[PDB]
Each structure stands twice: as structure tokens, then as C-alpha cells.
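Undergrad: generate coordinates for the sequence data below:
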Amino acid sequence: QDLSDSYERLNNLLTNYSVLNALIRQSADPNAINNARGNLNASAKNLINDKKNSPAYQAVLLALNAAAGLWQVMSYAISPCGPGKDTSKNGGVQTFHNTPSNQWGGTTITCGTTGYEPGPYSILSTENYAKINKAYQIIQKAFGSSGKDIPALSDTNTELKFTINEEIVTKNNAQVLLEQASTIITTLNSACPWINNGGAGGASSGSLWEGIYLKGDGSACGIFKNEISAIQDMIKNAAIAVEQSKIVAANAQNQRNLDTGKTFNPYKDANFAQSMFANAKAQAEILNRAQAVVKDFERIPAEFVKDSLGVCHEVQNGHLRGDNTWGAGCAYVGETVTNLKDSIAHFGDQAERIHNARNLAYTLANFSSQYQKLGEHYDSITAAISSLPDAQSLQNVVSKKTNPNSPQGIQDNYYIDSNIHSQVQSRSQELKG
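TA: Numbers count the residues shown, from 1 in each chain. Structure as follows:
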């Protein structure tokens, strides 16, 4: 009915009015502005300077361990690599050291198979093994022997230099590492080699891995369709968090507090508001992305994480952290998802202050226009009430008081009666039923 429609219409105007009002009041308070700026500076440093309690850093870590872990847990069952009949083609014949531990503990592989032609549903080309291996080796060297060598997101120019089996000169930074992680999964997915016996094995699942159930396709991209997909999105989301960290990083400098004793003019003294907004919007995105990484990771069945990744050949052969680089992968996937979820939960207080800082910053950045909007909303509500039955009881839901003495230039002080608002809010949900 038209009356129920009118109430939901008025209620949303009241909500919009109430919120814009609290923000306009907040925009005129240097204490409230100093608190929000101090909150952003603290949570900025907590996102880009910390490792353990940073959902940004832990988001990266899970994407890397999950990319290295997939490769470590199933590379052994990939149809023996090589160039095919013509040894001058497809990367030829090559040998790779420090590869993922196989079912016997072997860490050296030769891609010398000629009996089959490389490609999807067949063997993995030597060139694609070299590609995936290079990416894997960079990830492993970046984590180091301790598994903690990756610098905090604010630090992007730390050099990574080592010799493979060529000499690699790159950066130990999240942008480079996430690209390495993408190379592993993208190359695995497109090359889509065959899995020995079409993945058939001795697990309760019917395949070679617990939690991995064969749906009639024996190739790598068939068997691991869900896991490849979850990991690709994990990389995509954590990469978004890494881009947004540039914004946070550009705003990490400590500012001087506004004088609480002096009058603050919101029309003139808020030139800092634009970067304050961009900082808060970025911090909120980082959080969105870190949580999305959790959600992508949880598409992977629990049995595959606990009874395959946590029981992989790397742990079976005693390759752990703390010379040799065994810091990354399937051995630490399970604890990283715990550390990421825990870091997001511990970011609770900070997350709320970020949203509040964002809204205040947008209001300060657009004060003139936002204040005019408060007036429009007042006029819109007064108009809406006029046609309603018993408009007389409701007329006082909003009120305005003049103050031409205002040193801040806020000549009209707007108000809202919380009780008449509650009544409308509740009368609207009563009419909806």
C-alpha cells in the first residue's frame, strides 16, 4: 500500500538525515578529526609495517604458500616431463635441482622423456617445467631458511639474488612474489599435463590425494579445477591488497594535531581531507581483499588441507624451517590460514575506526555540498510528513535552530528526535508485514 511505501520512504530519509547530521557535527570538531587521523596513522603502520598482525601481509603469505603447496603436493604425479621425439624442441632435455620432494625423497629431476609429445592430457614440456620451477625457486628463496624473510608491504626495494642449478636478480617484494605464484598456477592450468593413472590412487577418496575426488577427468586442470580456481582468485585478491598498500604507504607520514583551543573552519581548514579519505578507503579495501582471500581458500576441501597438504612429501622427508630453503608451501598452509583469520579478527576495533574515519574524511572533503544536502533532507522530510495522517505528532521528528553567531559558519543547527525516529522505523516494519 501507498502508506507503507510512504513510511519506508520517510524512514530512509530519517536514516540519511541522522547520519549526515552526525558527520557534519563531527566535521566541526578538531578533537574528533585528530582522533580519526591518529587512528588511520596507527592502522596504516599496522597494515604495512607489521607481519604477524597484518591481514595484508598474512593475505600475501597464504596466496604464496597455497601456490607453492599445490605444486609441491602434485608435481610428482605429473606425467614425466620432457621435450618429445625431437630433443631440439620444447625446451629440449634439462635437469632441475631442489625440486619438490617426490614420493621417495628425490629433489632432482631430468626432463628427458621422448616417448610422448608434450601438451594437455600428455606430458609436461621441458620449457613449462623450467617456467614453473623458476617461479617456485624464487618463492622458496624469498621466504628463506626461517620462512620469515619476506619484508613488510611498505618495504619494496629489498634485493633477491641467487643462482639457479642462471643468476636471478629481482626484488623480495609482494608484487614480484605474487607474479611468481601466478606463473606456477597459470602455467600448470594452461599446459594441463596428464596425471599418472588419471589421478587414481590409494586414498579413501579414490585418488592419490585425500579430499581430491575424480569426476572422470585425468588431467591436472581437470582433477584440480576447484583448487586452481580458488588459488587464482587468492592471488588476484592479495595482489589488489598490495596495490592499495601503495596508497596507505603514501599516507603513512605522521601529521601535526589541529589546535583543540582554536576554532576549526570546515570550509577552509580541511585541505588534508582528500588524502585522509584516499588513505581510509584504501585501508578498507585491503581488509575487503584479505577477507576475500580467506573465502577463496575455504572453497578448498578441509580433507585436502589437513590430510594431503599438511602430510605432503616435503614434511614426510623432514623439510621444515630453520643453508636450504624449505620455508614455503604445503607444510605451512594450514597455520597461515589460521594466522590470517586471527589477524582479521584482531583487526576488529581498527576496522570500525577506518570506516568512521572514511566517512568523516569524505564529509570534510565535501563540507559545503554535504551541509547543503542536510538542509535538502530537512526540507524533503518536512514535505513527506505533510501528506501523512497525524502529521502534527510527527512534525517534531526533525527541527532546526539558527545560530548566526557561529564562528565556524554553520548558521543552522539541525536536530532529530530519536524517539519519533524509532517510532517511524518500527511503524514502517509493522506496515511491511
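
Undergrad: quickly find the element holding the residue nearest the centre of the chain.
TA: Taking C-alpha atoms, centre = their mean as the criterion, residue 289 is the residue nearest the geometric centre of the chain, at 2.1 Å. In this assignment (DSSP states H and E), residue 289 forms part of helix 273-297.

Undergrad: which residues in the stretch 101-250 of the chain form strands?
TA: 109-111, 159-163, 167-171 (DSSP state E, counting those that start in this stretch).

Undergrad: winner for burial among those?
TA: strand 109-111 (a mean of 19; mean count of other C-beta atoms under 10 Å). C-betas here are computed from N, CA, C, even on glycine.

Undergrad: which residues touch stretch 346-362?
TA: Contacts to stretch 346-362, defined as C-beta atoms under 8 Å, 6 or more residues apart in numbering, come from residues 23, 26-27, 32-33, 36-37, 39-40, 42-43, 46, 53, 55, 273, 276-277, 279-281, 283-284, 287, 370.

Undergrad: got it, and stretch 191-208?
TA: 74, 77-79, 81, 118-125, 128, 209-214, 217-223, 303, 307-308.

Undergrad: would you mind giving the domain segments of this structure?
TA: The chain resolves into domains spanning 2-46+361-431, 55-348 when parsed by automatic domain parsing.

Undergrad: I'd guessed residue 267 sits against residue 367; true?
TA: Yes - contact criterion C-beta atoms under 8 Å: residue 267 and residue 367 qualify, at 5.9 Å.

Undergrad: between the two, which one's more packed in?
TA: residue 367 (22 against 13; other C-beta atoms under 10 Å).

Undergrad: please give me every residue in contact with the residue lying closest to the more buried one once chain neighbours are set aside.
TA: In this structure, residue 367 finds its nearest non-sequential neighbour in residue 266, 4.4 Å apart by C-beta to C-beta, 6 or more residues apart in numbering. By C-beta under 8 Å, 6+ apart, the contact list for residue 266 reads 27, 28, 364, 367, 408, 409, 410.

Undergrad: which SS class is residue 266?
TA: Using DSSP: H, G, I helix; E, B strand; the rest coil, the structure places residue 266 in coil.

Undergrad: look up the closest residue to the residue nearest to the centre of the chain, ignoring the ones flanking it.
TA: Computed as C-beta to C-beta, 6+ apart, the closest residue to residue 289 that is not its neighbour in sequence is residue 241, at 4.0 Å.

Undergrad: one more: residue 32?
TA: Residue 32 sits nearest to residue 26 (C-beta to C-beta, 6+ apart), 4.9 Å away.

Undergrad: hang on, isn't that neighbour packed against residue 363?
TA: Yes - using C-beta under 8 Å, residue 26 is in contact with residue 363, at 7.1 Å.

Undergrad: more neighbours: those two, which one.
TA: Neighbour count, other C-beta under 10 Å: between residue 26 and residue 363, residue 363 has more, with 26 against 19.

Undergrad: is it true that that one lies in a strand?
TA: No - according to three-state DSSP, residue 363 belongs to no strand; its state is helix.

Undergrad: from residue 17, how far off is it?
TA: As judged by C-beta to C-beta, to the nearest Å, residue 363 and residue 17 stand 14 Å apart.

Undergrad: same check on residue 369?
TA: In this structure, residue 369 and residue 17 are 16 Å apart, going by C-beta to C-beta.

Undergrad: what's the answer for residue 67, then?
TA: For residue 67, the distance to residue 17 (C-beta to C-beta) stands at 49 Å.
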